[PDB]
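Trainee: The file below is query22.json, JSON, C-alpha atoms:
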[["chain", "number", "residue", "atom", "x", "y", "z"],
["G", 1, "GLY", "CA", -28.50, -22.52, 12.88],
["G", 2, "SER", "CA", -29.36, -26.16, 12.22],
["G", 3, "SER", "CA", -29.95, -28.35, 15.27],
["G", 4, "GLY", "CA", -27.41, -30.93, 14.13],
["G", 5, "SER", "CA", -26.29, -30.52, 10.53],
["G", 6, "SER", "CA", -23.73, -33.09, 9.38],
["G", 7, "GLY", "CA", -22.47, -34.16, 5.96],
["G", 8, "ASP", "CA", -22.37, -31.08, 3.75],
["G", 9, "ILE", "CA", -21.39, -27.54, 4.76],
["G", 10, "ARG", "CA", -22.63, -24.34, 3.11],
["G", 11, "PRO", "CA", -19.62, -22.04, 3.70],
["G", 12, "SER", "CA", -17.45, -25.06, 2.90],
["G", 13, "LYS", "CA", -16.09, -23.30, -0.18],
["G", 14, "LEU", "CA", -16.07, -19.89, 1.52],
["G", 15, "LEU", "CA", -13.81, -21.08, 4.34],
["G", 16, "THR", "CA", -11.18, -22.27, 1.86],
["G", 17, "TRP", "CA", -10.75, -18.86, 0.22],
["G", 18, "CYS", "CA", -10.33, -17.21, 3.62],
["G", 19, "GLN", "CA", -7.96, -19.88, 4.91],
["G", 20, "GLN", "CA", -5.98, -19.43, 1.69],
["G", 21, "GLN", "CA", -5.68, -15.66, 2.01],
["G", 22, "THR", "CA", -4.72, -15.89, 5.68],
["G", 23, "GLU", "CA", -2.43, -18.82, 4.87],
["G", 24, "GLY", "CA", 1.19, -17.92, 5.58],
["G", 25, "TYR", "CA", 0.57, -15.29, 8.25],
["G", 26, "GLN", "CA", 1.87, -15.90, 11.77],
["G", 27, "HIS", "CA", -0.15, -16.67, 14.90],
["G", 28, "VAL", "CA", -3.15, -16.90, 12.56],
["G", 29, "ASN", "CA", -4.85, -20.29, 12.40],
["G", 30, "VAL", "CA", -8.20, -20.17, 10.60],
["G", 31, "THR", "CA", -10.19, -23.37, 11.09],
["G", 32, "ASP", "CA", -13.73, -22.00, 11.33],
["G", 33, "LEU", "CA", -15.80, -18.93, 10.47],
["G", 34, "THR", "CA", -16.76, -17.91, 14.01],
["G", 35, "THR", "CA", -13.97, -17.65, 16.57],
["G", 36, "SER", "CA", -11.31, -17.51, 13.85],
["G", 37, "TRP", "CA", -12.49, -13.91, 13.49],
["G", 38, "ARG", "CA", -13.15, -13.08, 17.14],
["G", 39, "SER", "CA", -9.90, -11.13, 17.46],
["G", 40, "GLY", "CA", -10.02, -9.49, 14.05],
["G", 41, "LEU", "CA", -6.52, -10.46, 12.95],
["G", 42, "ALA", "CA", -8.12, -12.97, 10.59],
["G", 43, "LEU", "CA", -9.88, -10.28, 8.56],
["G", 44, "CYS", "CA", -7.15, -7.67, 8.96],
["G", 45, "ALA", "CA", -4.83, -10.22, 7.36],
["G", 46, "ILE", "CA", -7.00, -10.47, 4.24],
["G", 47, "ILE", "CA", -7.20, -6.69, 3.88],
["G", 48, "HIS", "CA", -3.61, -5.72, 4.66],
["G", 49, "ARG", "CA", -2.64, -8.45, 2.20],
["G", 50, "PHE", "CA", -3.89, -6.32, -0.69],
["G", 51, "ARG", "CA", -3.42, -2.95, 1.02],
["G", 52, "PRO", "CA", -0.91, -3.05, 3.90],
["G", 53, "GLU", "CA", -0.92, 0.75, 4.06],
["G", 54, "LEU", "CA", -4.43, 0.45, 5.50],
["G", 55, "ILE", "CA", -3.87, -2.15, 8.22],
["G", 56, "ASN", "CA", -0.61, -2.94, 10.00],
["G", 57, "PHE", "CA", -0.85, -6.42, 11.52],
["G", 58, "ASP", "CA", 2.56, -5.73, 13.07],
["G", 59, "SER", "CA", 0.80, -3.34, 15.46],
["G", 60, "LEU", "CA", -2.25, -5.60, 15.78],
["G", 61, "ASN", "CA", -1.58, -7.41, 19.06],
["G", 62, "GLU", "CA", -3.70, -10.42, 20.02],
["G", 63, "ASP", "CA", -4.53, -8.67, 23.29],
["G", 64, "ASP", "CA", -5.70, -5.65, 21.30],
["G", 65, "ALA", "CA", -8.52, -7.71, 19.80],
["G", 66, "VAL", "CA", -11.22, -5.05, 20.21],
["G", 67, "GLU", "CA", -9.06, -2.50, 18.39],
["G", 68, "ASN", "CA", -7.89, -5.06, 15.84],
["G", 69, "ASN", "CA", -11.56, -5.54, 14.96],
["G", 70, "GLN", "CA", -12.83, -1.96, 15.00],
["G", 71, "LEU", "CA", -9.96, -1.07, 12.68],
["G", 72, "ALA", "CA", -10.92, -3.53, 9.95],
["G", 73, "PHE", "CA", -14.61, -2.69, 10.35],
["G", 74, "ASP", "CA", -14.11, 1.07, 10.05],
["G", 75, "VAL", "CA", -11.61, 0.72, 7.21],
["G", 76, "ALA", "CA", -14.11, -1.47, 5.35],
["G", 77, "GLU", "CA", -16.83, 1.09, 6.09],
["G", 78, "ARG", "CA", -14.62, 3.95, 4.92],
["G", 79, "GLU", "CA", -13.24, 2.32, 1.77],
["G", 80, "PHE", "CA", -15.77, -0.38, 0.89],
["G", 81, "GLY", "CA", -18.55, 1.29, 2.86],
["G", 82, "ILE", "CA", -19.54, -2.04, 4.40],
["G", 83, "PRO", "CA", -21.11, -1.51, 7.85],
["G", 84, "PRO", "CA", -20.01, -3.91, 10.62],
["G", 85, "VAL", "CA", -22.65, -6.35, 11.86],
["G", 86, "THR", "CA", -21.06, -6.55, 15.31],
["G", 87, "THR", "CA", -19.00, -4.24, 17.52],
["G", 88, "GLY", "CA", -15.32, -4.95, 18.08],
["G", 89, "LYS", "CA", -16.02, -5.25, 21.80],
["G", 90, "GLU", "CA", -18.86, -7.72, 21.26],
["G", 91, "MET", "CA", -16.79, -9.62, 18.70],
["G", 92, "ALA", "CA", -14.13, -10.32, 21.34],
["G", 93, "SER", "CA", -16.60, -10.58, 24.22],
["G", 94, "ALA", "CA", -18.84, -13.19, 22.60],
["G", 95, "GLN", "CA", -17.24, -16.63, 22.93],
["G", 96, "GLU", "CA", -19.15, -18.36, 20.14],
["G", 97, "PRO", "CA", -20.91, -16.01, 17.67],
["G", 98, "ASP", "CA", -23.50, -16.97, 15.07],
["G", 99, "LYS", "CA", -21.73, -18.75, 12.21],
["G", 100, "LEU", "CA", -24.55, -17.34, 10.07],
["G", 101, "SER", "CA", -24.21, -13.63, 10.85],
["G", 102, "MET", "CA", -20.50, -14.23, 10.23],
["G", 103, "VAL", "CA", -20.78, -15.93, 6.84],
["G", 104, "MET", "CA", -23.21, -13.31, 5.54],
["G", 105, "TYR", "CA", -20.64, -10.69, 6.51],
["G", 106, "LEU", "CA", -17.46, -12.41, 5.34],
["G", 107, "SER", "CA", -19.20, -13.18, 2.04],
["G", 108, "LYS", "CA", -19.12, -9.46, 1.22],
["G", 109, "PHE", "CA", -15.32, -9.64, 1.43],
["G", 110, "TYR", "CA", -15.32, -12.80, -0.68],
["G", 111, "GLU", "CA", -17.31, -11.38, -3.59],
["G", 112, "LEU", "CA", -15.77, -7.91, -3.24],
["G", 113, "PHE", "CA", -12.33, -9.46, -3.70],
["G", 114, "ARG", "CA", -13.24, -12.36, -6.00],
["G", 115, "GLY", "CA", -13.66, -10.67, -9.37],
["G", 116, "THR", "CA", -12.45, -11.68, -12.82],
["G", 117, "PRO", "CA", -11.13, -15.25, -13.25],
["G", 118, "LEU", "CA", -7.37, -15.76, -13.46],
["G", 119, "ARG", "CA", -5.24, -18.88, -13.89],
["G", 120, "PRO", "CA", -3.98, -20.40, -10.61],
["G", 121, "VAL", "CA", -0.61, -19.02, -9.51]]
Taking this structure as input, can you express it in the form of structure tokens?
Mentor:
Amino acid sequence: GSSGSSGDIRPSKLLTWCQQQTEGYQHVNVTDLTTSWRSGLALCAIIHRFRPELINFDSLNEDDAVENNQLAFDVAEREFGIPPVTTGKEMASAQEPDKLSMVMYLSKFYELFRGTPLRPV
């Protein structure tokens, strides 16, 4: 949103969490909170992580971005009831989405998952 923000980032902390959850996966390099979730795999990874019976990354093919997105969205709207801000198609179509609209969305997954405090593994 800012014209030229530099120095301190808002989602700075948010990113970490995500990058951590996705950490380990294959062909999944999360560096930002915009394009890193343009294919869907990013999110799907976080979900499947806890409940693999819901999402099967194995089937999620990069090319099948649109589907890879719709899946997570629906699943989240069926289990968590969280409505998707963008459409799978648009998610993949749009080259550079609004980091804002993204953060506001991802956040839901951050708080929804981040519950009671527990010593670091």
Trainee: For a quick check of understanding, using all atoms listed in the file, which of G:13, G:22, G:112, G:34 has the smallest distance to residue 96 of chain G?
Mentor: G:34
Trainee: Taking into account only C-alpha atoms, which residue in the set G:33, G:27, G:52, G:3 is nearest to residue 102 of chain G?
Mentor: G:33
Trainee: Residues within 7 Å of segment 82-91 of chain G, please, as a list in words. Count all atoms listed in the file; anything in the same chain fewer than 6 positions from it doesn't count.
Mentor: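 Near neighbours after the sequence-gap exclusion: residues 38, 66, 67, 69, 70, 73 and 76 of chain G.
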Trainee: Quick one: write out the picked residues with C-alpha atoms as a PDB file, in the coordinates of the input?
Mentor:
ATOM      1  CA  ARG G  38     -13.150 -13.080  17.140  1.00  0.00           C
ATOM      2  CA  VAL G  66     -11.220  -5.050  20.210  1.00  0.00           C
ATOM      3  CA  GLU G  67      -9.060  -2.500  18.390  1.00  0.00           C
ATOM      4  CA  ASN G  69     -11.560  -5.540  14.960  1.00  0.00           C
ATOM      5  CA  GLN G  70     -12.830  -1.960  15.000  1.00  0.00           C
ATOM      6  CA  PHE G  73     -14.610  -2.690  10.350  1.00  0.00           C
ATOM      7  CA  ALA G  76     -14.110  -1.470   5.350  1.00  0.00           C
TER       8      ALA G  76
END
Trainee: What gap, in Å, lies between atom CA of residue 19 of chain G and atom CA of residue 81 of chain G?
Mentor: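 So the answer is 23.8 Å.
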Trainee: For residue 43 of chain G, which residue out of G:71, G:94, G:64, G:99 is the nearest one, using only C-alpha atoms?
Mentor: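 Ranked by minimum distance to residue 43 of chain G, first place goes to G:71.
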Trainee: Around (-1.8, -16.7, -7.3) in the file's frame, which residues reach within 12 Å when counting all atoms listed in the file? Return as a ChimeraX atom specification?
Mentor: /G:17,20-21,117-121
Trainee: Place N, CA and C atoms on segment 36-50 of chain G and deliver the coordinates as a PDB file, keeping the file's coordinate frame.
Mentor:
ATOM      1  N   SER G  36     -12.475 -17.832  14.667  1.00  0.00           N
ATOM      2  CA  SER G  36     -11.310 -17.510  13.850  1.00  0.00           C
ATOM      3  C   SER G  36     -11.271 -16.016  13.532  1.00  0.00           C
ATOM      4  N   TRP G  37     -12.392 -15.340  13.752  1.00  0.00           N
ATOM      5  CA  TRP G  37     -12.490 -13.910  13.490  1.00  0.00           C
ATOM      6  C   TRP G  37     -13.005 -13.162  14.711  1.00  0.00           C
ATOM      7  N   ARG G  38     -12.716 -13.697  15.893  1.00  0.00           N
ATOM      8  CA  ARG G  38     -13.150 -13.080  17.140  1.00  0.00           C
ATOM      9  C   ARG G  38     -12.171 -12.000  17.585  1.00  0.00           C
ATOM     10  N   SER G  39     -10.934 -12.100  17.110  1.00  0.00           N
ATOM     11  CA  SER G  39      -9.900 -11.130  17.460  1.00  0.00           C
ATOM     12  C   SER G  39      -9.767 -10.062  16.386  1.00  0.00           C
ATOM     13  N   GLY G  40     -10.106 -10.426  15.152  1.00  0.00           N
ATOM     14  CA  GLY G  40     -10.020  -9.490  14.050  1.00  0.00           C
ATOM     15  C   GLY G  40      -8.846  -9.775  13.134  1.00  0.00           C
ATOM     16  N   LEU G  41      -7.716 -10.149  13.721  1.00  0.00           N
ATOM     17  CA  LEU G  41      -6.520 -10.460  12.950  1.00  0.00           C
ATOM     18  C   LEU G  41      -6.873 -11.167  11.648  1.00  0.00           C
ATOM     19  N   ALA G  42      -7.694 -12.208  11.755  1.00  0.00           N
ATOM     20  CA  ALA G  42      -8.120 -12.970  10.590  1.00  0.00           C
ATOM     21  C   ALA G  42      -8.446 -12.050   9.418  1.00  0.00           C
ATOM     22  N   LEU G  43      -9.464 -11.215   9.600  1.00  0.00           N
ATOM     23  CA  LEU G  43      -9.880 -10.280   8.560  1.00  0.00           C
ATOM     24  C   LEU G  43      -8.747  -9.333   8.190  1.00  0.00           C
ATOM     25  N   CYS G  44      -8.241  -8.610   9.183  1.00  0.00           N
ATOM     26  CA  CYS G  44      -7.150  -7.670   8.960  1.00  0.00           C
ATOM     27  C   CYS G  44      -6.107  -8.252   8.019  1.00  0.00           C
ATOM     28  N   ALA G  45      -5.810  -9.536   8.195  1.00  0.00           N
ATOM     29  CA  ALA G  45      -4.830 -10.220   7.360  1.00  0.00           C
ATOM     30  C   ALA G  45      -5.231 -10.162   5.888  1.00  0.00           C
ATOM     31  N   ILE G  46      -6.491 -10.482   5.610  1.00  0.00           N
ATOM     32  CA  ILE G  46      -7.000 -10.470   4.240  1.00  0.00           C
ATOM     33  C   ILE G  46      -6.865  -9.084   3.620  1.00  0.00           C
ATOM     34  N   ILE G  47      -7.282  -8.064   4.362  1.00  0.00           N
ATOM     35  CA  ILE G  47      -7.200  -6.690   3.880  1.00  0.00           C
ATOM     36  C   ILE G  47      -5.757  -6.267   3.653  1.00  0.00           C
ATOM     37  N   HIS G  48      -5.010  -6.116   4.742  1.00  0.00           N
ATOM     38  CA  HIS G  48      -3.610  -5.720   4.660  1.00  0.00           C
ATOM     39  C   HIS G  48      -2.919  -6.405   3.485  1.00  0.00           C
ATOM     40  N   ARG G  49      -3.232  -7.681   3.283  1.00  0.00           N
ATOM     41  CA  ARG G  49      -2.640  -8.450   2.200  1.00  0.00           C
ATOM     42  C   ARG G  49      -2.620  -7.640   0.904  1.00  0.00           C
ATOM     43  N   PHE G  50      -3.778  -7.112   0.525  1.00  0.00           N
ATOM     44  CA  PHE G  50      -3.890  -6.320  -0.690  1.00  0.00           C
ATOM     45  C   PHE G  50      -3.409  -4.889  -0.457  1.00  0.00           C
TER      46      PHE G  50
END
